[PDB]
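So the first sequence is numbered by the UniProt record's numbering: it starts at 133 and just counts up by one.
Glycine included, C-beta positions come from ideal geometry on N, C-alpha and C.
Down below is the structure, laid out as structure tokens.
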Amino acid sequence: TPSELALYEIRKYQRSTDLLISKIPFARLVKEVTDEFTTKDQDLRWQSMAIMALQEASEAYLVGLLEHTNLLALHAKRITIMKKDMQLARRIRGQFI
DNA sequence: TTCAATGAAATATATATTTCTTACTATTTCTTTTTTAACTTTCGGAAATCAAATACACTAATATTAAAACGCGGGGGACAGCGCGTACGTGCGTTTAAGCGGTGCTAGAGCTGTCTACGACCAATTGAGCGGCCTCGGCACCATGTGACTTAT
């Protein structure tokens with residue numbers, strides 16, 4: 133049954149504590165974003181521990197948002213998180229908006 | 001009978017296992033020198049009393065009056081069951097880019113010496129505003145000297 137494997141990997145990710153997004157692509161993403169903010173005279177410089185810090189905060193925020201979306205999904209009688217549910221979570225928590 | 005084959009016991013040896021020993025390294029502790037906290041007066045300014053004296057928010061009493069509570073009904077909406085369907089999950093199969101380890105190198109972080117330069121603090125001048133006093137010019141009044149006129153010597 134798909135539910136058995138799904139719940140098994142839910143268990144392993146409930147007691148998992150590793151990063152889930154690829155390090156080199158994430159570093160490139162923040163790299164190119166902060167070059168986008170920059171003037172043409174220079175280029176910024178970054179450090180690995182800063183990269184881990186930003187990624188850690190990013191996924192803290194993401195896990196909070198996703199669990200709130202799951203709670204909205206339970207409210208809406210649907211086990212599927214959908215576009216309107218995610219919109220509602222973003223609005224209600226209303227950070228930097 | 002005499003000799004040969006076999007069995008039993010002691011012994012020598014091979015082997016595997018355990019323990020001692022030793023090398024290497026990481027951890028803990030002793031030692032010396034350096035920063036950073038610690039102890040001592042000092043003085044000024046903040047903070048703890050003491051006496052007013054004036055806003056200030058209940059607590060009383062009371063009518064109009066808007067607001068709130070009870071009751072019956074009805075039509076709207078929440079809820080539930082059945083049914084068609086699809087969109088997300090899965091099952092494999094490749095293949096793609098992530099992860100890790102070396103390679104260089106150059107832009108850039110970090111500590112130090114130095115000079116310049118803002119800036120806090122203090123001193124003194126200046127401007128501005130408000131009266132207050134001084135000073136000069138002006139009507140009301142009496143005082144005054146001279147000309148005109150008259151009289152008698």
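Here's the rule I'm using: 16 or more other beta-carbon atoms within 10 Å means buried, otherwise exposed. How should residue i be labelled?
i    : result
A221 : buried
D173 : exposed
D167 : exposed
Keeping to the same chain, check which residues put their C-beta closer than 7 Å to that of residue i; ignore five residues upstream and five downstream.
i    : result
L204 : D217, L220 and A221
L197 : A221
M184 : none
Leaving aside the five residues before and after residue i along the sequence, list all residues of the same chain whose C-beta is less than 8 Å from its C-beta, in chain order.
i    : result
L152 : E191
Pick from the options: whose alpha carbon is nearest that of residue i?
i    : options                   : result
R225 : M214, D175, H200 and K215 : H200
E188 : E141, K163, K209 and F158 : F158
Taking only runs of the beta strand (DSSP E) that begin and end inside the stretch 153 to 223, which ones reach a length of at least 3 residues, in chain order? none
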